[PDB]
Structure formats: structure tokens, C-alpha cells
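Structure first, commentary second.
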2 protein chains.
Amino acid sequence: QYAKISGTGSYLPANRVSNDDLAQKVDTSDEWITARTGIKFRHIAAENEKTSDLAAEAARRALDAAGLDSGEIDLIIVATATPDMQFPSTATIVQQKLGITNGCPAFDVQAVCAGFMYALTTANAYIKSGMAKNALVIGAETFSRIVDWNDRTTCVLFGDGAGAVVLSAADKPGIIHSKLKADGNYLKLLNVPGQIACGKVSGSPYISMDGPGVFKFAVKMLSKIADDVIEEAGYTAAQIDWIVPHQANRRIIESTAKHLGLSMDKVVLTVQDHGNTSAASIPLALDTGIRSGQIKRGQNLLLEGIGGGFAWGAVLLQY
Amino acid sequence: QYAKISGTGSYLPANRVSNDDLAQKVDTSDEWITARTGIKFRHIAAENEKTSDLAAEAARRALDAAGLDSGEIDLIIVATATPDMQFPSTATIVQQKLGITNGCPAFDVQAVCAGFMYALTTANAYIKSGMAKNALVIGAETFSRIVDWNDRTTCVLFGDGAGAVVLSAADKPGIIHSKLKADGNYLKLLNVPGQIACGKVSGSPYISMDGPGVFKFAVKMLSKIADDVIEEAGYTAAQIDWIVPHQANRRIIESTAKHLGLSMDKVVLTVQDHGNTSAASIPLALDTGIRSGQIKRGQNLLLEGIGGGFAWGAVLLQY
């Protein structure tokens with residue numbers, strides 16, 4: 001069997017925040033942020049909405065885009081690093097809000113920024129082994145609530161959003177090949193140490209990051225893994241119509257595109273509008289590219305990214 | 001391809017707590033707890049150890065039982081409702097602690113009490129689609145740190161522990177058939193509402209449970225899902241050598257066994273010693289049954305359980 005993209009959808013919270021707006025609350029500059037990351041705007045969730053709310057709306061739009069009823073879904077996977085609750089799963093909460101009562105399996109995957117690729121690959125495994133026919137794969141994050149807004153270095157980097165994909169069984173390949181990786185030795189470079197223990201937060205509840213280090217290894221790792229997935233599938237970088245990378249830093253994206261010998265004209269870019277949305281970033285960009293007319297059916301797409309762990313991956317697929 | 005248990009392992013923290021111990025802490029009785037659940041003992045993690053520690057130890061024992069080096073693992077999945085951190089995944093932390101630097105994929109799954117079956121089914125999907133050859137599937141929990149020990153109704157129910165399995169590609173089936181289910185409408189019956197947001201805990205940091213409701217639906221749901229997996233696989237209840245259920249409540253297990261028309265002599269039972277260890281419960285019983293001389297190869301095992309979500313499932317396999 002094969003897994004193909006039936007539809008895509010995305011949701012960004014109403015409050016769109018520019019660098020200048022944020023410049024009021026924190027000691028930063030629009031020019032400084034842009035030079036570092038290429039980020040100009042963020043979206044921050046409203047007080048009353050959480051990851052499940054963002055995720056549900058994106059899924060709703062993904063379901064409409066695929067012309068599918070909620071009851072047709074037989075698998076739900078949510079990739080998030082900011083679940084609604086300690087437990088149960090955010091996926092079950094999303095399931096409930098989508099009005100899905102067909103009893104389909106639902107669970108969260110935790111791979112941080114690389115979560116959607118981890119969730120997408122997982123759904124692909126279910127479909128190929130015949131365990132599911134129509135899976136709902138969602139990357140949804142509310143990182144604004146685990147950011148230290150008194151830390152100018154990290155708080156300007158992250159945003160909120162959700163991206164959803166309807167992945168379905170097919171005779172011909174959508175997802176051609178994928179490659180996931182992880183190395184726990186890089187924990188210290190990006191993490192939120194805190195946990196809920198004994199009625200309180202134990203450890204730091206905020207994101208700790210090592211920018212230079214993350215930058216150093218991301219460029220190194222992403223170029224290698226990209227080359228692997230391509231040559232392993234039997235392709236070359238020239239047969240790739242689009243790169244849909246994780247949108248944390250444009251400098252990193254520029255570097256990777258150059259290594260594959262691809263023009264930035266073959267790279268979907270949303271980092272300037274969204275910032276680092278973690279697991280929601282890739283499906284956000286994918287939906288943005290599809291909705292903007294850039295991504296066309298039959299085209300070969302290279303999904304790619306690295307996240308906290310470190311965990312990283314790349315997914316080659318034909319839209 | 002097919003996925004088979006190559007080796008098994010388990011770990012329970014040193015601090016063993018009897019019902020009488022809790023009777024000092026809370027207005028309860030040993031007989032009352034035993035009458036409700038059949039639980040006599042629990043294990044509580046030490047101050048310095050967390051889910052990754054319990055998980056790592058269980059995995060080492062599982063690795064030894066399979067005669068495998070850590071470097072042979074090309075997939076790690078941890079099922080937990082009590083991760084070390086907000087992020088990254090506990091699986092990467094476990095990966096690091098096992099000294100695995102081969103870059104294998106690692107991520108957490110959240111299905112609460114049904115976590116191990118979700119992870120096992122997930123690992124199974126990876127193996128059948130040829131995406132992995134030797135997977136490390138771990139259920140590890142430190143629920144003691146999300147229990148309100150001033151609540152007699154819930155605190156006597158849960159314990160800490162970790163159970164691991166090495167699942168590997170094979171010519172003949174280990175995992176014959178599985179069926180996972182979820183319904184977010186039963187959220188209010190079992191949950192830990194709290195989350196880390198804006199530098200503090202937002203919502204209740206402790207487990208909230210509806211005993212009668214969970215009991216009511218578990219018996220009804222588990223009998224149904226059990227019957228389904230059997231009939232779908234083409235087996236009968238009589239062809240089952242062992243039931244390896246989730247060990248939350250002995251009354252529920254008894255009820256389920258009587259429904260399948262099976263004797264308690266064909267049911268591995270550890271609830272009295274372990275209590276409800278969530279995702280660790282099933283692999284704990286499985287490892288115990290194999291090591292105690294009860295479970296023999298070629299025998300048919302029925303893994304089963306329900307957890308917060310609700311999420312539930314049953315897994316039919318031949319050891």
C-alpha cells in the first residue's frame with residue numbers, strides 16, 4: 001500500500017504580532033530579529049484557546065480540503081510539545097471537538113519541532129501495513145505559553161499555530177521514502193526542563209536554547225539527512241520540485257538549499273510570517289504552499305527539519 | 001513481514017509500599033483497598049530517578065533477554081503520561097542513557113494506560129512496512145508524582161514502574177492482530193487537567209478519576225474489544241493460552257475473563273504487587289509471566305486494557 005495527501009489545512013490565531021509590536025515589551029529590534037532568523041511576524045493564541053483548539057480548526061479545514069466526513073477518519077495523530085493536559089492525549093481532545101465518535105484510535109507523538117515528520121511517518125506506517133485508510137495528522141503548538149518573555153534571545157523566536165494533513169491509502173505513492181533520526185546527546189541545546197510533579201512545576205517552565213549550537217548542528221545534520229533520503233529513494237536533488245523545510249531560521253534554510261544545489265525559488269518560506277511553530281511549522285508551510293498555488297499535484301516535495309532531542313528527519317513525497 | 005518479541009525486561013523502584021503504609025497517610029484500610037481493586041502493594045520511584053531512569057533499566061534487561069547490543073536498535077518508542085520534561089521526548093533521554101548513538105528514531109506516545117498497546121501496535125506497523133528491524137517498546141510511568149496523596153479514593157490505586165519489550169522482524173507472526181480505539185467523550189472520567197503555562201501550573205496537577213464510571217465502561221468496552229480482535233484474527237477464545245491484561249483492578253480482569261469464558265488460571269496477574277502503573281502495567285505482567293515459567297513460546301497471548309482518554313485496545317499475539 002501507499003499513503004497520499006488527500007487534503008491539507010491550517011489555522012493561525014487571530015493575534016498577529018510583528019517585531020515592532022513585541023519591541024514594546026522586550027529589548028529587541030525588528031532589524032536584529034530579521035537578520036538572525038528572517039522572522040517578521042508571529043501568531044499568539046488567545047486566552048481561551050489551547051493546542052486542541054488550534055489543532056481542531058486546522059483539521060476541520062484539512063477535512064474540507066479532502067472532501068471527507070469526520071466519521072471516515074480511522075486514525076488521529078497529533079504532534080505537539082504543548083499538550084492541553086498532562087493527560088489524557090490532546091489527540092483524544094481534538095477527536096472529541098471534531099465530533100468524531102466512531103471510536104478511531106487517537107494519540108500524541110512527541111518529537112518536538114520534528115514531530116510532524118515523526119507523526120506523518122507513523123501514519124504512513126499504519127497505512128502501508130493496512131491498519132488505517134484515512135489518517136488525520138496534525139502539528140499543533142502553543143509555544144507562546146512556554147516562552148520566557150523576559151528573555152529577548154528566545155522569546156522572539158517562537159509562535160503559535162496548527163497545520164493538519166489528511167493522509168489516505170492509495171495505489172500510487174504520495175510518500176515515496178522517509179528517514180527519521182534522533183540523538184539524545186543534544187538535550188542541553190534545546191529543552192524545557194520543567195515537569196509537573198508533586199503539585200507544582202519542578203524545574204524551569206521556560207524554553208532554554210543554545211542558538212549557535214542548534215545552528216551549528218542543524219546545518220550539518222539537515223544536509224546529510226536530505227542527501228540520504230534522496231539517493232536512497234533513487235532520486236537526485238534536481239528531481240525535487242519543492243523543499244518544505246522546518247521554518248525556524250531562514251539562514252539555516254538558505255544554507256541547506258544551497259547544499260542540495262537548489263534555488264530558494266524551490267523553497268516554500270513562511271518563517272517570516274509564522275516564526276518557529278515547532279511541529280506545526282512544516283504542515284503550516286505545506287498548506288501555505290498548496291493554498292498559494294506554488295505546490296501542484298504530481299510534484300515531488302522534500303519535507304525536512306530538526307527539533308529538540310535532538311530529533312530530526314526528512315520525508316520525500318509526491319503531491 | 002511480521003513482528004515478534006525477541007526479549008523482555010522490567011523494573012520496579014525499590015520503595016515498596018503496602019496498603020497499611022497508606023493507611024497512616026490517608027483514611028483507608030488494607031481490606032478496603034484489596035476489596036475494591038485487589039491491590040496490596042505499589043512501588044514508588046526514588047527522589048532522584050524519573051521515568052527515563054525506570055525506562056532505561058527495563059530496556060537494558062529487555063536488551064539482554066534478546067541477546068541484542070544497544071547499537072542494534074533502530075527504533076525506540078516510549079509510552080508515558082509522566083515524561084521527564086515538557087520537551088524533548090523521554091525516549092531521546094532514554095536513548096541517551098542507553099548509550100545509543102547510532103541515530104535511531106526515538107519518540108514518546110501518549111495513550112495513558114493504553115500506552116504500551118498503542119506503542120506496540122505502532123512499532124508493529126514500522127516493522128511490517130520494513131521501516132525498522134529491532135524496535136525497543138517501553139511503557140514507563142512515575143504516577144506517584146501526579147497523585148494527590150491526601151485523596152484516599154485515587155492515591156491507593158497507582159504505582160510506579162517500567163516494562164520493556166524488544167520487537168523484531170520475523171518470518172512467522174508474533175503479533176497476529178491488534179485493535180486500538182479511542183473516544184474523547186470520556187475525558188471527564190479520568191484526567192490530569194494541569195499544564196505548564198506562563199511559568200506555573202495551570203489547572204489541577206493531580207489525577208481526577210470517576211471510579212464507578214471507569215469501572216462501568218471498562219468491563220463493557222474491554223469485553224467487546226477482546227471479542228473483536230479474536231474474531232477478526234480468525235481465532236476463538238478457546239485458542240488463547242494467556243490473557244495479559246492491564247493491571248488496574250482485579251474485579252475488572254475477573255469480569256473480562258469470565259466473559260471470554262476463561263479461567264483465572266490462564267490470566268497473568270500482577271495487580272496485587274504492582275498496582276496501576278499505566279503504560280508500564282501490561283509489559284510488567286508480560287515480563288513477569290515469561291520469567292516466572294507461566295508463558296511458553298508458541299502460546300497465544302491476549303494483551304488488553306483501557307486508559308485515560310478514553311483510549312483502549314487489545315493485542316493478539318503468539319509468543
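Here, residue 1 is simply the first one shown, and the rest follow in order.
So how was this one determined? The header says X-ray crystallography, 2.5 Å.
Using N, Cα and C of the backbone, Cβ positions are placed for all residues, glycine too.
Within the listed segments B:232-236, B:247-251, B:287-291, Swiss-Prot records region 'ACP-binding' for the stretch B:247-251. Secondary structure at B:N276 (active site), as computed by DSSP, is strand. A distance of 8 Å separates the Cα atom of B:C113 (active site) from that of B:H246 (active site). Helix, strand and coil counts under DSSP for the region 'ACP-binding' (B:247-251) come to 2 helix, 0 strand, 3 coil. The local packing around B:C113 (active site), expressed as other Cβ atoms within 10 Å of its Cβ over all shown chains, amounts to 34.
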